[PDB]
């Protein structure tokens, strides 16, 4: 506790006085040099979950955009998370938009950003992930922890499909899953090309899987797609059908929104909003896609999750796992420890045997 306590005092201080992205990069640096706290607790066997044959030791991970370049994977995971989604990465490095490009509102526990997909590029991030996988072989606390890779297109790309293909051929061997972050017909083409290129990694290697997939599952990465919440009902239906036709392994609901306008400090700011003001929107979106897909597509929840209650709402709506981002900014390093306990107590109060029982109850 005192390690978490001292750090969360420092974090509250940083939140008040210091620029967001500067703060973010400082703590990533602290994590890189391994002086952040550990959650070495055993996670409840009743809160374990899965997406098909991908097994999560607990239902909480860190969303994409937090550690874009995979420089801090060990330390973030050891805060008590079961998985992390690095990226979004692009084939070539991008600077992103002009700074400052991230702003926080403590009162509403919300964030707005216009980063513009800044990242070191696929080559550098692949090497970062490779080094992590090597460390993981030797680190007890990283056993069975999952790393997904969010992939996207370069800002001025000629061909989206071959941007994703480039990334998959580079980093796919080291990923437990791939998250696509980008029209229904166009999406179908993207999804199938990704599945095909992952299937080709298996073909063009002479090694058995144990020595081919240098990841956690020792199997080929699953394919998820992340959806933005700013769509009409027809677009959601169209997308839903595509996700069924393509037999995609899961869907991440959701990314940031642009339809929040009741935050004063953000009134003259451009970008996508996350945090508490996104919670209700993203939850409704989960129910909708859970319906439109007839519950055949596992869901990864993202948007305004801060508490065990928030989490159980996402789950009862249809989600199998939850991702945090804003929670770590406002609640600090105790976030995983705190929210895991709250969910466990709640699952008991509501009289659930395990977490899997609660999925899609409402």
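Just so we're on the same page, rigid core means the largest C-alpha set that superposes within 1.5 Å between forms. Residue numbers count along the first chain shown, from 1.
Stretch 136-144 is the one, of 136-144 and 90-98, whose CA positions lie farther from the shown form in 9 other deposited structures of this protein once all structures are superposed by the rigid core.
Comparing the two stretches 335-343 and 9-17 by root mean square C-alpha distance in 9 other deposited structures of this protein, with all structures fitted on the core, the more displaced one is 9-17. In terms of unmodelled positions of the deposited sequence, the stretch from residue 182 to residue 183 in this entry skips 10 or more residues. With 104-112 and 119-127 compared on mean CA B-factor from the PDB entry, the stretch scoring higher is 104-112. The deposited model assigns a higher average Cα B-factor to 289-297 than to the other stretch when 33-41 and 289-297 are compared. Ranking 268, 75, 150, 143 by Cα temperature factor from the entry places 268 first. Which of 217, 88, 204, 94 has the largest Cα B-factor in the deposited entry comes down to 204. Sorting the modelled residues of the chain by their CA temperature factor places residue 165 in the middle third. Among the modelled residues of the chain, residue 199 sits in the highest third by CA temperature factor in this PDB entry. Among the modelled residues of its chain, residue 80 has a C-alpha B-factor that falls in the lowest third according to the deposited record. Residue-level temperature factors show residue 209 in the middle third of its chain, judged at the C-alpha atom.
For residue 316, the recorded CA B-factor ranks within the highest third of the chain. Only modelled residues enter the ranking.
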